[PDB]
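Take a look at this one chain, the form deposited in one PDB entry, written out in structure tokens.
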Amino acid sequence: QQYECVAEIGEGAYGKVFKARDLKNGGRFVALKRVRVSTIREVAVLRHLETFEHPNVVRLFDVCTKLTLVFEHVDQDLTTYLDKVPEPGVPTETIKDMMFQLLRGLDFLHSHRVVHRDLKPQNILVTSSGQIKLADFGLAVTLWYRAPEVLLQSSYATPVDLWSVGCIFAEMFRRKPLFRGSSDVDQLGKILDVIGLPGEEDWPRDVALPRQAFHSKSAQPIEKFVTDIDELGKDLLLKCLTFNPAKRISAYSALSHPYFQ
């Protein structure tokens, strides 16, 4: 066979992913994923996205006839990069650059009508040369990066990923997740303890959870939780971690933010 499986990547409720030797292409490493039996549509969206070969999205090499997906392989995810970084942590300009690359791939995906929906450091790939690549999106548990509207079961638009990006931004400074909740209700609580209770006008209509189920008074200063963050990074982090997804910054606006002057 064209590929020899060597290891399992992780273990996800999306199916098994293998690290494999690409016997025909110089024995390079590839990430192999099998699909079972709108799905045809998703694969076409993925192949179409690959035509652009955006630098900040994982390369798709092949699609084999039930259906097997061949991607490039990258050694580390953001998790293992933040776990191995020497003290006191990640250089200020390394965080800036990585965040710019994250928003570049995100704006590319959003402008092509793709919502990641499950952005976390575990699916952000960090290349040998320091390139950030978005992976594991566009195909049909940790709530630590889950947006408030997903938690509330109301909307699932592109702002969902900007909340996730804000959580990752903070975690790049802290090297620990900003909101380590254990359930959707807990997660939403841990969030409102930091950002404060939103205006009744910012609370989604016809959701199970009312605003009155929480009493997380005022917004605590974010510098308490994210120590070492500059004033400009604080503006971008607040704009990402905005309650109302309509009021949330977009990936396109974030790319222009003074933080990246």
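The term rigid core refers to the maximal set of C-alpha atoms that superpose within 1.5 Å between the two forms. So that there is no doubt, residue numbering starts at 1 and follows the sequence shown.
What follows is about the form deposited in another entry, which we do not show.
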Core-superposed C-alpha of residue 199 shifting 2 Å or more between the shown form and the other one: no
Core-aligned C-alpha movement of residue 232 between the shown form and the other one reaching 2 Å: no
Shift of residue 16 between the shown form and the other one at or above 2 Å (CA, core fit): yes
